[PDB]
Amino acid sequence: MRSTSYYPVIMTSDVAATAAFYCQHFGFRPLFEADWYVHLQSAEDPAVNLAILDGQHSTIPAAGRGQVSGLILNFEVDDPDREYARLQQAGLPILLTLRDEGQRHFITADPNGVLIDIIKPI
């Protein structure tokens, strides 16, 4: 019931541009914003959180420092068709066009190359 009991933190060298991207296109707003760390939370569901971290910050154990890769963020939505139309027209990269699979979905990506899979259960 704590909204923040589980969430991912992605490492990037462009914290502010990454945060702005999720706020502009994916319904997030900032709960904490600094140059090295931003915690975002979905406006419509406080249980959906994403934190964005400078991947060389000294507070990350040295062995884990780096840059995000090999990651997909899955979001379930009621109308992936409408979301595709909005995002494609906003100029986001389309990595996989809409298709039926029990999911109808499409795949885009953030400026770090994190894949974003927008899915309706079918």
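Just count from 1 along the sequence shown to find any residue number.
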| query | finding |
| --- | --- |
| Chain break class at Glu101/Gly102 - deposited residues not modelled | 1 to 3 |
| Residue stretch of maximal mean CA temperature factor, 81-89 vs 67-75 | 81-89 |
| 48-56 versus 22-30 - greater average Cα B-factor per the deposited record | 22-30 |
| Out of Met11, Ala17, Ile107, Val114, highest CA B-factor residue | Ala17 |
| Where the record places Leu96 (Cα B-factor, split into thirds across the chain) | highest |
